[PDB]
């Protein structure tokens, strides 16, 4: 059953409704076929997958006057991001942050008494499931009506060879393939891993048909594990994170990492380093009842009926590699050169399929650079020196070098931080700005008002790294990183116009010290 959608013009909200209908149809729903049957030009590229990489790649290719076709097995464009990855992740992190605020000020002002309050995880997941077609609807609309994309959705692609793809029972030819099928959730090789009650980011939002009990176990120690783990904890649940090595190694600044981990522990999270699950115990109903794990302090058993795996994502390379003869790396990533070209002539690979860093900027940018190459513009892509962030119950942003890292690299350094390093320590009403004001003024809560630091070369006066725990700095790090890569000094930073009270206090604190030829930390 093929719906010829070319000459239909659904609104965003009609698209949202229609996608929902197709997703819910017992038979699997109709194919969405949006192809210009009157255009005689050959396809410059067929994209296998229309997630962040395939969709942006197609948008750019089309903007350059080339012809593209997306094939995606989902009835929407945008891939994992709206459906089960960054979007739900951010809804859950918004909840985690507000819940920490509510629990900190329990029984003060407008805040409800949270003492005995357990928030339903399923309730919030269901809110996500009920609203996720909004972003789906915009993706289908924007792609067709504003970006002029051709696509076939709700259809697994069947790659024939490096120039030939079957979709919707039609065979299409192209000058190139861009492979954009992303990566699937990592798993554990232990008894019980397939028990009901074991989830990952993908299955959480498809299969949670009960409300978890009082204890949650999270496996993993980076972004996904810590993001979902803080949300679970914020709902009122005892949360134990089993971390194979050490948690949050992405936070290179030791003081920043410590603040973040300390705040997580204050919220009641238990974070266990050097630990590996050995078994997930099932009850006689087939649901998880406990997790057994080896740690540096011997075997532990944690009773729980809800386990969340936040391991890495595994590139979806197997089928395509068999068909096309693609060279793969150790973790199954499709090997590419710096023009995104695979070992196979005229076949590019992009997004999570080509491995880490698995981020939206990497996905969209690799998509567009492959598209430029297909359109005859020789352009390399090597992601390097990018800013980064993750959520706990706070926003955590970082770029460049940690303070220790900068010294080990041979730099003489000063730092500018908040709060100052004093006898009263964190227990002072700084740093403060939007969404930290209550922490800053509340009785005994001032230590929660945030932490931040820039790392500066004492000789060149260049800013070598920036680090922030709080709210409202993440967006700023995108732009600040560009200024830093251009060579930003403490002097130039001090010379900017601040917008006080500012999530980053870097500008004015830089100004307080830049009047000196010999720089001193603040």
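Numbering follows the first chain given and starts at 1. What we label the rigid core is the largest C-alpha set whose atoms superpose within 1.5 Å from one form to the other.
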task = Once the rigid core is lined up, would you tell me whether 441-449 or 330-338 has the higher RMS CA deviation in 4 other deposited structures of this protein?
result = 330-338
inquiry  = Can you check whether 501-509 or 12-20 lies farther from the displayed model in 4 other deposited structures of this protein, averaging C-alpha distances as RMS after superposing on the core?
reply    = 12-20
inquiry  = Going by the mean C-alpha B-factor recorded in the entry, which is higher: 165-173 or 391-399?
reply    = 165-173
key: Higher-scoring stretch by recorded Cα B factor average, 274-282 or 226-234   = 274-282
task = By the entry's C-alpha temperature factors, tell me which of 259, 210, 339, 199 sits highest.
result = 210
query = Going by the entry, which of 326, 180, 97, 114 has the most elevated CA B factor?
reply = 114
ask   = Relative to the other modelled residues in the chain, which third contains the C-alpha temperature factor of residue 17: lowest, middle or highest?
value = highest
request  = Could you tell me which third, lowest, middle or highest, the C-alpha B-factor of residue 491 occupies within its chain?
outcome  = middle
ask   = Ranked by Cα temperature factor within the chain, is residue 472 in the lowest third, the middle third or the highest third?
value = middle
request  = Just say lowest, middle or highest third for the CA B-factor of residue 11 relative to the other modelled residues in its chain.
outcome  = highest
request  = Report the third (lowest, middle or highest) to which the CA temperature factor of residue 28 belongs, ranking only the modelled residues of the same chain.
outcome  = highest
